[PDB]
Structure formats: C-alpha cells, structure tokens
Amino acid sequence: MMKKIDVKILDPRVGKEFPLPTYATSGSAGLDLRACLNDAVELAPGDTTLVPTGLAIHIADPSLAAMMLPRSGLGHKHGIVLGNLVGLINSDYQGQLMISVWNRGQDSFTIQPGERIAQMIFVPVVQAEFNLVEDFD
C-alpha cells in the first residue's frame, strides 16, 4: 500500500548535498535516513548523540505511524543503534525528525555528514479503546 506523506525541508542541503530519504530497492521496507550535519561527529563507546535529519514530515492519518530503526550493518557490525531503541513517529508530529544515535559497542565511531545512519518504516497502527471487564473469555 502506498501513501503520499507531506515533507518540509528544513535544511537546504536536504535534497541536494544530503539526498532525501530513499528506499534502497523497490522491495525495501524502510527508507534510509541521512545525518544532516555540518561536520562529522565522533561517538565514543556508550555515548548518545542527537542527529538532525534536516526534514519534517506530517503523516497526518491517525491510522499510520512511522518507526525508526537501526540499520542491520551498523547495528550488528559497529554497535551503532538508537538510544531510544525504536523511534516512534506520531501521525500528528510536525517537528524535525531527529535520530538518537547510540554507540552500544566498544569502538568509537565517526558519524559522517550525509551517512545513512538509520532507517524508517511506515506501519498501520490501531487506536485502542479500553473496555473494562471483571473477567476475560
């Protein structure tokens, strides 16, 4: 299923020096997000840094959310994952998309400007209404 998502470019290098997020292939679940940075950021073991994307999206449909995830290679091989583990993006969020980058491993890592440092999937979400009961079936 396809959905057009409104995006506001906040940094003029996004779409230019830092390409807009893209699906690496046509069967790819996730779009790879790029670090919108002026200079490289050295992330020491155990440390977390907030990386700008230079963009804002507005999902708008409350039946939809996005989830930011590590990329497998960075996570597995380099211990470069998310400080919030999974980043949940609400349909009504219109701020800048930010990446909490966490070095969960033993080796210092250089986050380069423009690096595809995380990915994001769009998934349907269901809004629950609680029905109080004394017992289940």
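Numbering starts at 1 and runs along the sequence shown.
For the segment pair 81 to 89 and 24 to 32, the entry gives 24 to 32 the higher mean B-factor, averaged over Cα atoms. The question of which stretch, 64 to 72 or 43 to 51, has the higher mean Cα B factor is settled in favour of 43 to 51.
Sort the chain's modelled residues by C-alpha temperature factor and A128 lands in the highest third, per the entry. Sort the modelled residues of the chain by CA B factor and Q94 lands in the lowest third. In the PDB entry, a CA B factor belonging to the middle third of its chain's modelled residues is recorded for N103.
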